[PDB]
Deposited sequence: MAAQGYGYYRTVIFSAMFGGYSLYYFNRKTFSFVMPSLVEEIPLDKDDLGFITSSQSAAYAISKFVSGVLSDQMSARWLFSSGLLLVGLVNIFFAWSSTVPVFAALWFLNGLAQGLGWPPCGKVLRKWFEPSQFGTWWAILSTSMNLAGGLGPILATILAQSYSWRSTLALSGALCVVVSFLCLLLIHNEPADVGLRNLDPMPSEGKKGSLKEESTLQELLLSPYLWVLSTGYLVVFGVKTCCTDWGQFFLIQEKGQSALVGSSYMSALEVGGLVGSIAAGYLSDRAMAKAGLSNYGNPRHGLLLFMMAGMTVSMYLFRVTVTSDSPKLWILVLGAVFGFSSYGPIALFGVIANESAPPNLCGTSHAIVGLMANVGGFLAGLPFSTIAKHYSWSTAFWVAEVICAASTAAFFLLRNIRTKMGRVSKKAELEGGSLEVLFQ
């Protein structure tokens, strides 16, 4: 059928991108067994994970640019096969630069996998049903991150790290051929019906860069609170470490439900509206969630004391996680929808570049401001940036969103 093939292809992308994220962070999942086996420095593990982070940033960008050129099926399957071959060779490795370079090459093949999922979700799913299945295909990532330390801890208690990495790499090699056989990058290959723009016309469209600065700010404020919310509760607000861990756990669970609810309710808005070329029906919940970020950072900064209860901290974590991982899924969905259909992966990679810029701006200058002035001053600077960007994106909510040529 039609929806049958949508189900089959989404199950294949779900399994493939779940194995992507599990084999993206297996070395951090099997890390305790491996540091029991071989002694490695904290700076050594930081260099390995930083090699993967640098290669994954470069490869998200390069793969988004490539995914609009060659086929998403072969690119996805090649990514999964090459990730599996990396984990096979990584289980078959003992020396440290082999770990670092092979995990760099895993970071490349992990970047090489999600813009195929974006292209296939664009070409196969209606815009009334695009954000919700984007959000479930990122819930694949969240489910891999949730079931990864559990299964890796069981396989590291039972077997070694080499046997676990070898089984996971062999599983990716098998699922790479299964995703080569169960994915069609467009319905024109089957026979079903589908659903002229240059990269210069993409880059000169101002909505891509309004979207880029918006996702810069939203991912920067997400990474600010995700990295330093425990520290803001320990040093400044005077909570315990269990309260900070519960705050992070509530932010993650609220972020999972925030991404899913953002996709579903934004597809409801996209199904209701959709007559004009200017504006975007997804702004009508992207703006409410960015205002939710503003309200959550304000109420977490001024209405949190040492005497405020743990339930208020959990509510602020959950509502900020809702209001924060919602817009990240929405800037993904908009950078894939509002783009031309043959240049949507490139328009998504341009916004992931600003994800990298926001990650750096949340890492070093936010910690510098927190070191010099105070913690509440730094989180307030992040609040001002997020609220001023919520205002600047409320103003810019009705610009020409359909990127590309003008007709």
| item | value |
| --- | --- |
| Stretches with no C-alpha atoms in the model, relative to the deposited sequence starting at 1 | 1-4, 200-213, 426-440 |
